[PDB]
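Note: ideal-geometry Cβ built from the backbone for every residue, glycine included; neighbour counts use all protein chains shown. We did not get these values from a lab; they are worked out from the coordinates using the rules stated.
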Amino acid sequence: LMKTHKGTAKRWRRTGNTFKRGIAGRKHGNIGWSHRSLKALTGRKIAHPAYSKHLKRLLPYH
Amino acid sequence: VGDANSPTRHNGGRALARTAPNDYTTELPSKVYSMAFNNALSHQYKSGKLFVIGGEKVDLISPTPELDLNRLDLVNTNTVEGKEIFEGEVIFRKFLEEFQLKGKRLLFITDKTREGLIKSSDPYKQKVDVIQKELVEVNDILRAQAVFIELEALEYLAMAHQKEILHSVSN
Amino acid sequence: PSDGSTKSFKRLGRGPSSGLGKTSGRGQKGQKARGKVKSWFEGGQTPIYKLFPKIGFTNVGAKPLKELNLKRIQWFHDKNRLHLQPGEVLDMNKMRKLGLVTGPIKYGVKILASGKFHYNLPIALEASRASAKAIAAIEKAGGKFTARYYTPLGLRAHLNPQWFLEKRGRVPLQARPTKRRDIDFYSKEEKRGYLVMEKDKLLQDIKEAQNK
RNA sequence: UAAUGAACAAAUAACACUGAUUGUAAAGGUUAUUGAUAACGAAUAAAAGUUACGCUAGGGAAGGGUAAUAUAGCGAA
RNA sequence: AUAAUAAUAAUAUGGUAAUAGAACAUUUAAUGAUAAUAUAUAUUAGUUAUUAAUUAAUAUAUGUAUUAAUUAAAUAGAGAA
RNA sequence: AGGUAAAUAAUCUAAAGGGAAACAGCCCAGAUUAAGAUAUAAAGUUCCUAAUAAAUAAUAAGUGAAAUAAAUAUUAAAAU
RNA sequence: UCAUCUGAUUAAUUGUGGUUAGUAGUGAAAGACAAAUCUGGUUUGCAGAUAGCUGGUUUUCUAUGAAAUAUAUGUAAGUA
RNA sequence: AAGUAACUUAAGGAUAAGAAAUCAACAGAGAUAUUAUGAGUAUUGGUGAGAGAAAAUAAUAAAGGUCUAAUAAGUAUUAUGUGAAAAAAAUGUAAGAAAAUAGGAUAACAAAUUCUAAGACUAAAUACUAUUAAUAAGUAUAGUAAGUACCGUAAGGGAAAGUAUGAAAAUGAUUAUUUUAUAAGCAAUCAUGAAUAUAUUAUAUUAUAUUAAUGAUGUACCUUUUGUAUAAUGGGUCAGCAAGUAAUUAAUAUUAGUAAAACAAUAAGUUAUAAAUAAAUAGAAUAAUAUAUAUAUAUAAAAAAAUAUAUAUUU
RNA sequence: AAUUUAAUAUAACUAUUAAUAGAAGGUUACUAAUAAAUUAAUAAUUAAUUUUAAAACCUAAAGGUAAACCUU
Ligand SMILES: [Mg+2]
Ligand SMILES: [Mg+2]
Ligand SMILES: [Mg+2]
Ligand SMILES: [Mg+2]
Ligand SMILES: [Mg+2]
Ligand SMILES: [Mg+2]
Ligand SMILES: [Mg+2]
Ligand SMILES: [Mg+2]
Ligand SMILES: [Mg+2]
Ligand SMILES: [Mg+2]
Ligand SMILES: [Mg+2]
Ligand SMILES: [Mg+2]
Ligand SMILES: [Mg+2]
Ligand SMILES: [Mg+2]
Ligand SMILES: [Mg+2]
Ligand SMILES: [Mg+2]
Ligand SMILES: [Mg+2]
Ligand SMILES: [Mg+2]
Ligand SMILES: [Mg+2]
Ligand SMILES: [Mg+2]
Ligand SMILES: [Mg+2]
Ligand SMILES: [Mg+2]
Ligand SMILES: [Mg+2]
Ligand SMILES: [Mg+2]
Ligand SMILES: [Mg+2]
Ligand SMILES: [Mg+2]
Ligand SMILES: [Mg+2]
Ligand SMILES: [Mg+2]
Ligand SMILES: [Mg+2]
Ligand SMILES: [Mg+2]
Ligand SMILES: [Mg+2]
Ligand SMILES: [Mg+2]
Ligand SMILES: [Mg+2]
Ligand SMILES: [Mg+2]
Ligand SMILES: [Mg+2]
Ligand SMILES: [Mg+2]
Ligand SMILES: [Mg+2]
Ligand SMILES: [Mg+2]
Ligand SMILES: [Mg+2]
Ligand SMILES: [Mg+2]
Ligand SMILES: [Mg+2]
Ligand SMILES: [Mg+2]
Ligand SMILES: [Mg+2]
Ligand SMILES: [Mg+2]
Ligand SMILES: [Mg+2]
Ligand SMILES: [Mg+2]
Ligand SMILES: [Mg+2]
Ligand SMILES: [Mg+2]
Ligand SMILES: [Mg+2]
Ligand SMILES: [Mg+2]
Ligand SMILES: [Mg+2]
Ligand SMILES: [Mg+2]
Ligand SMILES: [Mg+2]
Ligand SMILES: [Mg+2]
Ligand SMILES: [Mg+2]
Ligand SMILES: [Mg+2]
C-alpha cells in the first residue's frame, strides 16, 4: 500500500478540495526591505493546478 | 546472450509468469446478491418450473396420500433385504418417467439432509443435484430445468433475502 | 451486463492497425520508453515538497467531535423517527440508537445550531458540548441542555453498556475529569458544564483543597 | 528601471496555542529576526589526478560545399 | 419522444508520436439441440463490400462439436530483437 | 558555404496526386470507395509524349531552346 | 615446417612425488604465469544487480491528431 | 540494500514465546502465537531516498494455568564505546544498592497509579516434509526416461528421446501447359494479343483458370533520423517459441444496488453528514440572499481580504 | 447377448483445502535366500496381530589406503 510522503505532509495541508502552503522567502535577509511589501510574504497560499496532480499522488490519503 | 532462462529461448522461462494459488476472488454487495437470488426464484416460478413440497405446518384442504410424504425424501430405502434392487430407486424412476423428465437438470433444495433422496438419486448424479438451503446458489437455481424446494426451505430463503423496512409511517 | 458497466481494456503491442503497435504508447526512446521514473520527479529543480516551509504541528491531544445540527433533530421529530418516552433525555446513546449520529463516535458529539429558527422541541439534550446559539435555541424552545465529560472507555460504556454487562457483569464507573481544561470547561456556566450545573462533589473537593 | 539566495538544521525575542497519567516543566507551533549555497532554483557537513595495460553501452550530435589562401588569365598602365 | 432499414439536402472522412470508439481469428470455463443425407481438416472454383465465414466437387479421419448464441478469462494474432 | 544564430509566412516532418528530366522542403493541389461525361489548377501542345493555329519586330551567333559568367574590346542603331 | 643462428660442466636439461593462488601465490620484473593467456582465473549464489543507452513489442476498421519552443535542472541522448 | 545472501554451529517433530518488575491513565484490562481494523495515524529521517508502532475491538486456538525455587548481588543503577530506520533487551570496560518500613516503570520534580528482575514448566492455533481424499477456465515445451549421453582436471554445467497419422513449408529430381536464344534494372500492377485446360444451358461470335508476345507505370521492407533506393542498421528460407502481466494501495469515469445514508453485520471500523485555523474550551438568517451568518487576521463591535451556509422540503 | 458415454489402477507432476505421521545407495559376484503361531468364520487360504532365518564388500572414525582394497 502507498505511504504518505511526509515532506509534502509537513509542508502542505488539505483545505476544501485542494491544499494550502506557506510562503517562501521570509526567514532571513528581511532588513532593508519595505514592511508593507514583505506583508505579501506572510501567510499562506493555495496549491496551483500545475501541481495539483502531483500533490494528489503524493498524499493519497489526504 | 545471458543466462539460459531467458524467455526468448526454447527451454527458457515464461515472461510475466503467474504463481499459484492465483487469486480470482471477487466481491459483490449482499443486497445485490439477495436481489439476484429473488430474481432467479421469480424466473423459475414464472417459467412454471418451481415445485413446492411441504406440509405438517400449514393447513391442508386436501389430505396427503398414504403412499406419499410431505417432505422431499424417499423413505424405505435402507431396507435392502429383498432383491438386488430396493424400493427407493424404483420409486424414483417411476416419478422420473411419470413426469417425463429424464435427461433434464433437476435441483432438490432441502431443509436438512435427506439421505434417502440422496441414495435414490445417486444413479442419476449426472443430471440431478441435491442441496441444503444453506448451500444453494443462483447458478444451481438457474441451471436446473426443474427446481423442487421444500416449503420451510423456501420460507427460510425468502426471509434471508428480504428487503429491510423500519418505521416508514407516512400519509 | 448492464449497458455502461463494462469496457474493453486497451491492448498494447499487438499490431500496427490496432493503434497501439510497436511503441505501445511509450513514444520514441527516452527513460520513460524502457524505464521507470517517478511521476513527481521534476528534473532536479527544488521540488514542491522542499521549496516551501514546514508549517504547523499535529495536536495529539485533539478530541474531534461529531457534529449534530438542530435541523436534523427537528427533521427526525417531524418524520416521527425521534422516539423519546415522556421525560426522557436525548443523549449520545440515544443519538446512536435512533440514527441521529451515525458511524463511529470516537470522542463525543457537539450540537450546533443551523436549524435554530425552526427548532421547537422542548426535550432535554446531553452531549459533549454545544454552541452558544444552540444553547439559546434549546432553552428558548422550552428544552434543557447540559454538557457532560466522557473518556473513550466511559463513552463506550455509555453507548453500549450491555456489552460490558454481558462480558464482565458490570458497567464501568464514569471517570472524573483529571485535566485542567476539562475541569475548567465543565465548571463554566455559559457552556452549561455539568460539574457546575449539578454542583457535584469534585468542585467541592477542589475548593476544600484550595482553602486549606 | 540593478543593489541579490529556497527549503532543512541551529540561535534570539515575543505570543498564550499544544503540554503524551495529572501539575509544572521539556519540547513543538504561531509572529519577528540572524548568518549565502557567486556553477548564484542552492546534490553532501565533508573529495584531486592518470591509463600508450585498459573494459562495457552508445553516437560518430579520404568524399561533399566555400574560394579567404594558392594558382591562372583579362582590362588599364 | 425508441430500434432497424431506406429516401432527400448539407457538412466531413491523408496521417508519424499520441488520444478515443468498434469489430474479427485462437484457446479455456458456464448454458447448449443436432448427426455418416453429419462434423472436422486440406485443395480447386464460386457468393456475401470479404483479416471472416459460406456453397459445390474431391481426399482422409470420425457415429462424431466445449458447436450457434450470450457471458467470464487469457501463455489470444510475429518479416523484423 | 548544402555554414551558424535567432524573426515573421509556407511545405517536409506526419502528404499520396500533377509540374520542376530524375527530385523530403520549389509551383498547384490535400487520397472514404468507384465511375470517367463536364469545368479545370500549375505546367505544356513537332516526335519520343496527352494536346495549337496566328500577328508585329529582332537574331544568323545553333546565340538560344528548363541551372542567363564579369570588367573590357570590336561592329552595328537616332537626337539635335 | 624448412633453412640459418645460439648455449651445450652448468645461474644446465629432464623423470617421479610434494608445497605456495584468487586482496591472492610465483616472478633474474615482462602487469609475466596461476589448466590455449590475468592491471587479478574459474564455478555457484546475491540476481530478473543496475543501464537517463541499443535493439525488439504480433489482427482489422473508424474519428480527431502534434512538437522539436520558454523556464529549470551536476543540465543539455533524461525529466518536470 | 540488510541483519538479507553466504559460511559456521546445535536441537526437535516441530522449534521459538508464554502466564507481567505488562499495558494503560484515575475508568480499567489481565499469558503466549498469527490475522483484520486502529493505520500508512502517533513516531522518525543528509527532516532526503525513505522507514513506521502500540492501546482498543474482533477471528483461529487449548482444560490454559502452574511450582519445580530455602525467592535470587558484582545483580539493579551509574559513567563510557556499541546496539532491531520509529519502538529496546542483551552486550566490552569500570564503580555499585535496598528489604515489601523495599524496588522497577515516565528527560526532570511532586502526586497518583501499576507490577515485583537477578529461579522455573506449559498443550492448541504455526513452519517444513511425506502419505490419503477432494476441486482444477494448471501442465503432454510444469506429463514420468537422465542428473544419463556429453563438456571441464575440479568445483560444476547439462541434452534429444511415448504411440499413430501426417497432399505443413523451406528444399531436390522428373513430367505437363505456356513464354523465352536482337534484349538491360525490386521481377509487380494495369493494357492486350496468342496457346493450352476445364465447363451435364459453350444457344456462341461463350465463361473461367494457367502462361515473361507487346505497351505504359513502378527507387524492397523495418529501424533510426531533418532527411535513406541509399553504398546507414537487421534479415539464407521455412515450422515452432518469443514481449504492458500479478498482487497491496490512492484518484477519476460509467453502470448497478442502497440512499441522508453506504459497506459490514458479533464488537469495531472506513467514507458522507460543516466550513475554518498551526492550534485552542470557537462553529453558519435577531421576522431573509448577502447588505445576514461561521472561521481565520483585528477586536469595544463593526469595516476590510478569502472561503463557506441559509430563498412542500433537510445534501 | 453387444456398444457408447461419466468416475475409478499396482502407473505423473503442480496449486489449494481437510485428515494422518515425523519414512538406503553403489560394487560384483563362492549371488545377498526363510520359517511359523493365534482366535470366530462351511485336517486350514478371510487378512491382521505376533514371532522369527539369511543378508558378501564400500559409503572418515576395529588400523591403513589410491571406495568397494589391505592388515589385525
Ligand atoms: Mg517565521
Ligand atoms: Mg508592492
Ligand atoms: Mg499510432
Ligand atoms: Mg530523441
Ligand atoms: Mg526503438
Ligand atoms: Mg518520451
Ligand atoms: Mg542542482
Ligand atoms: Mg491558555
Ligand atoms: Mg505529563
Ligand atoms: Mg518555546
Ligand atoms: Mg549546481
Ligand atoms: Mg542555474
Ligand atoms: Mg530565473
Ligand atoms: Mg564537489
Ligand atoms: Mg610506451
Ligand atoms: Mg483518418
Ligand atoms: Mg481528404
Ligand atoms: Mg504470445
Ligand atoms: Mg512464424
Ligand atoms: Mg504481416
Ligand atoms: Mg526473427
Ligand atoms: Mg542549416
Ligand atoms: Mg500540413
Ligand atoms: Mg521524427
Ligand atoms: Mg508528394
Ligand atoms: Mg519537359
Ligand atoms: Mg516524374
Ligand atoms: Mg546551346
Ligand atoms: Mg667444473
Ligand atoms: Mg624414468
Ligand atoms: Mg607497463
Ligand atoms: Mg581458460
Ligand atoms: Mg597478460
Ligand atoms: Mg539482466
Ligand atoms: Mg539484490
Ligand atoms: Mg484530420
Ligand atoms: Mg514547427
Ligand atoms: Mg533537452
Ligand atoms: Mg518449547
Ligand atoms: Mg525495516
Ligand atoms: Mg524472584
Ligand atoms: Mg524479588
Ligand atoms: Mg549504559
Ligand atoms: Mg537496518
Ligand atoms: Mg518472577
Ligand atoms: Mg573430456
Ligand atoms: Mg527473339
Ligand atoms: Mg540482365
Ligand atoms: Mg545523422
Ligand atoms: Mg529519395
Ligand atoms: Mg547494392
Ligand atoms: Mg540496406
Ligand atoms: Mg546482414
Ligand atoms: Mg466577525
Ligand atoms: Mg574402515
Ligand atoms: Mg602403501
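Structure data summary
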quantity: Boolean, residue C:66 is free of Cβ contacts under 8 Å to residues at least 24 places away in the same chain and either away from RNA strand E (no atom under 16 Å from the Cβ) or acidic (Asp, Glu) (or both); calculated: no
quantity: Complete set of residues in segment C:29-38 that are surrounded by 10 or more Cβ atoms within 10 Å (Cβ to Cβ) and either small (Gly, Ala, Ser) or over 21 Å from residue A:57 (Cβ atoms) (or both); calculated: C:30, C:33
quantity: Test: residue in segment C:16-28 that is surrounded by 10 or more Cβ atoms within 10 Å (Cβ to Cβ) and within 16 Å of RNA strand D (Cβ to nearest atom); calculated: no
quantity: Out of C:35, C:87, C:56, sole residue that is away from ligand 3 (no atom under 16 Å from the Cβ) and either in contact with a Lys or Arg (Cβ under 9 Å, 6 or more places away or on another chain) or within 23 Å of residue A:7 (Cβ to Cβ) (or both); calculated: C:56
quantity: Residues within segment A:3-19 that are facing chain C (nearest Cβ under 10 Å), in contact with a strand residue (DSSP E or B) (Cβ under 7 Å, 6 or more places away or on another chain) and surrounded by fewer than 18 Cβ atoms within 10 Å (Cβ to Cβ), tallied; calculated: 1
quantity: Inter-residue pairs, beta-carbon under 7 Å, first more than 9 Å from every other protein chain (Cβ to nearest Cβ) and in segment C:34-56, second exposed (fewer than 10 other Cβ atoms within 10 Å of the Cβ) and assigned to a loop (DSSP other than H, G, I, E, B), 6+ apart; calculated: C:37/C:31
quantity: Checklist (1) under 30 Å from residue C:106 (Cα atoms); (2) away from chain A (no Cβ under 13 Å) applied to residue C:26, failing item; calculated: (1)
quantity: Complete set of residues in segment A:20-38 that are under 21 Å from residue C:46 (Cα atoms) and either facing chain C (nearest Cβ under 9 Å) or among the basic types (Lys, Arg) (or both); calculated: A:20, A:21, A:22, A:23, A:24, A:26, A:27
